[PDB]
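There is one chain below, alone, in structure tokens, taken in the form deposited in one PDB entry.
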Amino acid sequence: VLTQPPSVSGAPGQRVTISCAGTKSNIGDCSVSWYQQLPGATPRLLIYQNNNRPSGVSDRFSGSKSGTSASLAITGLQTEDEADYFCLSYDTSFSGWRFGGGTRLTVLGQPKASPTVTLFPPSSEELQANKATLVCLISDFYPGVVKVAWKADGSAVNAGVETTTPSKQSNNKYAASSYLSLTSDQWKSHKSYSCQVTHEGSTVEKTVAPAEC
């Protein structure tokens, strides 16, 4: 019921705004507060009662509210502002506090980078346990959002897929994994299996086959 865009971008030095769309029942009538959370870190209060800054919070951050929406503004954008930003408001219809979904702020700089994709077939050892895990490893992409699709022979594979959230590498690009979990019998009933990775409207795919050679 509090709606934030999932993602916002800005260039170093620029002004960005993050909005939280609500209704009369929350933002319209109640105090909005804003929280910043660096990756892996703890949330931190930035703004309370719509537009107040606690001490020790930079004057680059400011908050306002108009009608049923509220906005956090950030001037002189710096790389260390890369974080997830949340709004919070009581909601008198809900009779409870509601957080926005969070807006992840990206500070533009590093050029686009397409993923490296590595696909492994089940090992012989695992197949002897009547199991077969296909392992698709995805690395070196930027920005850090990918979509993974699996294919068996020609068709789409939905059952048995599990994919990690993208994580940061030491070289400032991103990584993810996806696992297709099968039985040995499943594995051997198709002649090809594919892992397809989509990054910025571009697709990279790998293919394995139970007939190794």
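Start at 1 and count along the sequence shown; that's the residue number.
Omitted here: the form deposited in another entry. The next part is about that form.
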item	value
Motion between the shown form and the other one between rigid parts - which of 131, 190, 156, 108 is the hinge	108
Change in CA distance between residue 77 and residue 173 in the other form, which is 3 Å or more, as closer or farther	closer
Distance trend in the other form - C-alpha atoms of residue 101 and residue 166, change of 3 Å or more	farther
